[PDB]
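Here the structure is laid out as structure tokens; the discussion comes afterwards.
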Amino acid sequence: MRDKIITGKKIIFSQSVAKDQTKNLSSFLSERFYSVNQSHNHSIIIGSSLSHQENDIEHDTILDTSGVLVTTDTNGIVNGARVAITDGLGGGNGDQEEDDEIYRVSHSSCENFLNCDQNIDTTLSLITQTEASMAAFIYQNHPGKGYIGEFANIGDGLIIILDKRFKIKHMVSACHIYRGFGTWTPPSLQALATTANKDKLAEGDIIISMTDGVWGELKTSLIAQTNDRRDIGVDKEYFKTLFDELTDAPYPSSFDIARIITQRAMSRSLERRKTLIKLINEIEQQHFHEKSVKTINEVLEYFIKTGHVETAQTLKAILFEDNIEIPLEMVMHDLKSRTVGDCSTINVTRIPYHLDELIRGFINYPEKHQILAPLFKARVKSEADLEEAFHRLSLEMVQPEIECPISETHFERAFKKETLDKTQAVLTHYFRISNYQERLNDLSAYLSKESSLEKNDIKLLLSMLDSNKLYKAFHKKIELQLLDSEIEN
Ligand SMILES: [Mg+2]
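With full-length UniProt numbering as the guide, the letters of the sequence shown map in order to residues 19 to 147, 164 to 233, 242 to 364, 375 to 486, 494 to 526, 544 to 565.
Right under this line is the structure:
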């Protein structure tokens, strides 16, 4: 059914910062982002924080692409999935055919990785036999090893692996290649063909993948820096506190998680672009030419002496974002012509529970009841396992429209209440059940003393239980349980 989801080529009307300064975070997010939901345990938010300072981008192409393919075992039960997300390198310079060409490789790279069936190291080797960075991973369940997740990240992509309590466990950092004086560009998947130097998960774990427009807005952390390689990530203390509004709430949807992170990233993005226009307006108000001031260190002499000491530190923080003498006309014209932001995209993937997927397929495909019946004898160990499983399935929320605006995100339950309550009681009774003809009578005794509503699913149970001519005598006494069903009023 909904086992493969890929984002589409979006084009938005991006206003300027001078018009976005009079808007709150709700107005900025609803005009620039979309939501692509796959289930309660996977969702994607894609948009564009790209904007200009005094003009509007009427055809702002979103050059990012995220995808997901959920894989199943031999019996049709989910046992893994493959996720990939790409960031279009460059583009947005005004050439639309260039933007289409960059998105063409960005979308095809994500789609070709998903449609492959090999491991992550062989899949990449085949497809790398117009640039776009990429970040992908593949998790899958092994018999004695459980979930095994192989990762892969190239460029400005970032991966963060949490557990069920939003506690950080691993991070796959981004990269930058020094190609010149201040020319740090992230490596690309297409560079893998140009160079030979290419340089155990658990249930409920949260794998979050984000683009340069997402984690670049949060508090950063330069992990490593060589002579031409820069490993960068986010401050794990600041990224943890983003989950403080989700500590006690049980089982949140991957959309709600991705919504929290994106809201915080766009909150700092909207404030950083406001601080930049407040700084430029405050510099133009001084008219430094009347006092003949051009050196950046003499401008700091002016601001610190005048009383705008916090306007100076604001300017110093941007100088570090990008002493010696540098003129004013260079930095002002540079800041005026800068583009703020990037295409922002994020995908959150929760590792499922084995029992939750065994029950999910048991509900979706009921004809497989006797096939996967002995599997319940293995997973189910206590009625706390089933109650925990169905409690998680109760709070699951899906999105009817796969792709919809982020403000008009309508969700509803992924299971009907009567479908969950009855299926829980069936599996609960099957566990409470699981020596010749004597036990053949005792099975009819426990079923007789029981008085469960909609007990017609005994035939559904008997299939799981069946897996001289005394079988006939018991099923005869089971047609006596039909009298017990007739007694039910
Ligand atoms: Mg980007």
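By construction, the Cβ of each residue, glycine as well, lies at the ideal position given by its N, Cα and C atoms.
message = Could you tell me which whole beta strand (DSSP E) segments of length 3 or greater appear in the stretch 254–304?
response = As far as the stretch 254–304 is concerned, its whole beta strand (DSSP E) runs of at least 3 residues are 262–267, 272–276.
query = Under a three-way DSSP split, which group does residue 569 fall into?
reply = With the chain covering 19 to 565 only, the question about residue 569 has no answer from this structure.
request  = Determine the contact status of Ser251 and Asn399, defining contact as a CB-CB distance below 8 angstroms.
outcome  = yes
ask   = CA-CA distance, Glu116 and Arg412?
value = 44 angstroms
key: Segment limits, beta strand (DSSP E) that includes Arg100   = 96–106
ask   = Helix, strand or coil for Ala186 per DSSP?
value = Reduced to three states, the DSSP call for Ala186 is strand.
request  = Throw me the rounded Cβ distance for the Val341 and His58 pair, which I believe falls under 8 angstroms.
outcome  = Rounded to whole angstroms, the Cβ separation of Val341 and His58 is 53 angstroms, and the two are not in contact under 8 angstroms.
message = Looking at the secondary structure, which residues open and close the alpha helix (DSSP H) in which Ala430 lies?
response = 425–431 is the extent of the alpha helix (DSSP H) around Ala430.
ask   = For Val351, does the count of other Cβ atoms within 10 angstroms reach 16, so buried, or fall short, so exposed?
value = Using a 10 angstroms sphere on the CB of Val351, the tally of other CB atoms stays under 16, which defines it as exposed.
message = Quick check: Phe467 and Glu448, are their CB atoms within less than 8 angstroms of each other?
response = yes
message = Give me, in chain order, the residues of the same chain whose beta-carbon lies closer than 8 angstroms to that of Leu43; leave out the 5 immediate sequence neighbours on both sides.
response = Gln305, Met308, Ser309, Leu312
message = Please tell me whether, using a cut-off of 7 angstroms, the distance from the CB of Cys395 to the nearest non-hydrogen atom of ligand 2 is below it.
response = Among the ligands in the structure shown, ligand 2 does not appear; only ligand 1 can be found there.
Those residues which DSSP pairs with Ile248 across a bridge = Per DSSP, the beta-bridge partners of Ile248 are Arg402.
task = Locate the beta strand (DSSP E) running through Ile62, then write down its first and last residues.
result = 60–66
ask   = On the three-pair Cβ rule with 8 angstroms, is the stretch 243–258 touching the stretch 186–194?
value = yes
query = Taking Cβ positions, are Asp74 and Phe31 nearer each other than 8 angstroms?
reply = yes
ask   = Over what stretch of residues does the beta strand (DSSP E) that includes residue 491 continue unbroken?
value = Coordinates for residue 491 are absent; the numbering of the chain skips from 486 straight to 494.
query = Which residues in the same chain have their Cβ closer than 7 angstroms to the Cβ of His331, if we skip the five residues on either side of it in sequence?
reply = none
Environment of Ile120 [buried if 16+ CB atoms lie within 10 Å] = buried
message = Classify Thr397: buried if its beta carbon has 16 or more other beta carbons within 10 angstroms, exposed otherwise.
response = buried
message = Between the alpha carbons of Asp105 and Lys320, how many angstroms are there, rounded?
response = Between the alpha carbons of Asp105 and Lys320 lies a distance of about 30 angstroms.
ask   = How would you write the range of the beta strand (DSSP E) that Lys203 sits in, first residue to last?
value = 202–206
message = Alpha carbons only, please: which of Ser263, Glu184, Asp91, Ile64 is nearest the one belonging to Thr79?
response = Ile64
ask   = Are there 16 or more other CB atoms within 10 angstroms of the CB of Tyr173, so buried, or fewer, so exposed?
value = A residue is called buried when at least 16 other Cβ atoms come within 10 angstroms of its Cβ; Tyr173 meets this threshold and is buried.
ask   = Skipping 5 residues on each side, what residues in its chain have a beta carbon closer than 8 angstroms to that of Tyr212?
value = Hits under 8 angstroms: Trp218, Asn269, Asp270, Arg271, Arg272.
key: Exposure label - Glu259; buried when at least 16 CB within 10 Å   = By the neighbour-count criterion, in which a residue is buried when 16 or more other Cβ atoms sit within 10 angstroms of its Cβ, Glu259 is buried.
inquiry  = For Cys128, report the span of its alpha helix (DSSP H) as first-last.
reply    = Counting along the chain, the alpha helix (DSSP H) containing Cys128 begins and ends at 114–133.
key: Inter-residue Cα distance where the pair is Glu377 and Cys456   = 51 angstroms
query = For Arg431, which residues from the same chain have a beta carbon less than 8 angstroms from its beta carbon, with the 5 sequence-adjacent residues on both sides left out?
reply = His406, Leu407, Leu410, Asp437
Under the three-state DSSP convention, the category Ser45 falls into = helix
query = Once you ignore the five residues that flank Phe442 on each side, which residues in its own chain have a CB closer than 6 angstroms to its CB?
reply = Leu472, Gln476
query = Whose C-beta lies closer than 6 angstroms to the C-beta of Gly85 among residues of the same chain, with five residues either side of it excluded?
reply = Answer for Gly85: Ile24, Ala102, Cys128, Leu132, listed in chain order.
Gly255 versus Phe414: straight-line alpha-carbon distance, rounded = 40 angstroms
query = Can you tell me where the alpha helix (DSSP H) with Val341 in it begins and where it stops?
reply = 338–348
Identity of the residue in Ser295, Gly180, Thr253, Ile182 nearest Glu464 by Cα = Nearest in C-alpha terms to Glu464, of all of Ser295, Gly180, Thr253, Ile182, is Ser295.
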